[PDB]
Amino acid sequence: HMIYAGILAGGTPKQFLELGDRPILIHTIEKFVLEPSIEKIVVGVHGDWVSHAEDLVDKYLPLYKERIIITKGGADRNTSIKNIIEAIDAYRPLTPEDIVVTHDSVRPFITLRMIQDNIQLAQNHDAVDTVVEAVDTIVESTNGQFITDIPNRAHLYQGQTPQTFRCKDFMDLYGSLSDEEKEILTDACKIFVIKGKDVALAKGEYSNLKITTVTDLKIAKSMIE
């Protein structure tokens, strides 16, 4: 079986911002290029930014242009995955056993260690979520007016990426959902859980920051001196 990388960069964007010296997207793709087991690295880019992602690849990673496929992502992260898996299928026809390690372009501090656990866990599980023990106190409210519930904070995890699973599996489970369900089931791991599937946990790092806000940008800058 093959292993692929699925970089999600189709968002609406922070990943084309310079971090230190190079775009966050380039930082993120970098960690995947060394990994011997990863066949191609496939990036879902917003259809408008595709060409600008390739100029970026040429300018910043000319040694790996062959290892990278830049493809049009979709309206929401799940769709981007669909599109990434489709592009994988265009490179080599998917077998039941081929794998995708998906990851946010805006997470530029993922470690080869994480990547390797995800790949490694996926052997004897349906899918793999990368998480860390929750820091904030989490409060629930179905209405958004008063507290409907407070979950037990000793079993809560802050969810990050990689999210790793077989390709066919995603195309099957995601495929079988009405639009209304897709709109509610936005997390890729959620879909596996509700379909009653075994999703194991990969140890993430509190440092696996996801860069969404101008505050996240500062935290990142201080992490690279």
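From 1 onward, residues are counted along the sequence shown.
Going from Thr12 to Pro13, the model skips 4 to 9 deposited residues, which lack coordinates.
Per the PDB record, of the two stretches 103-111 and 122-130, 122-130 carries the greater mean B-factor over its C-alpha atoms. For the two regions 77-85 and 145-153, the entry's Cα B-factors average higher over 145-153. Within the group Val43, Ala53, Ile194, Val33, the record's highest C-alpha temperature factor is found at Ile194. Residue-level temperature factors show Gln160 in the lowest third of its chain, judged at the C-alpha atom. Among all modelled residues in this chain, the alpha-carbon of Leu173 has a temperature factor (C-alpha) in the highest third.
Ranked against the other modelled residues of its chain, the C-alpha B-factor of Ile68 as given in the entry falls in the middle third. In this PDB entry, the Cα temperature factor of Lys59 sits in the middle third of its chain's modelled residues.
Ranked within its chain, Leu185 lands in the middle third, by CA B factor from the PDB record.
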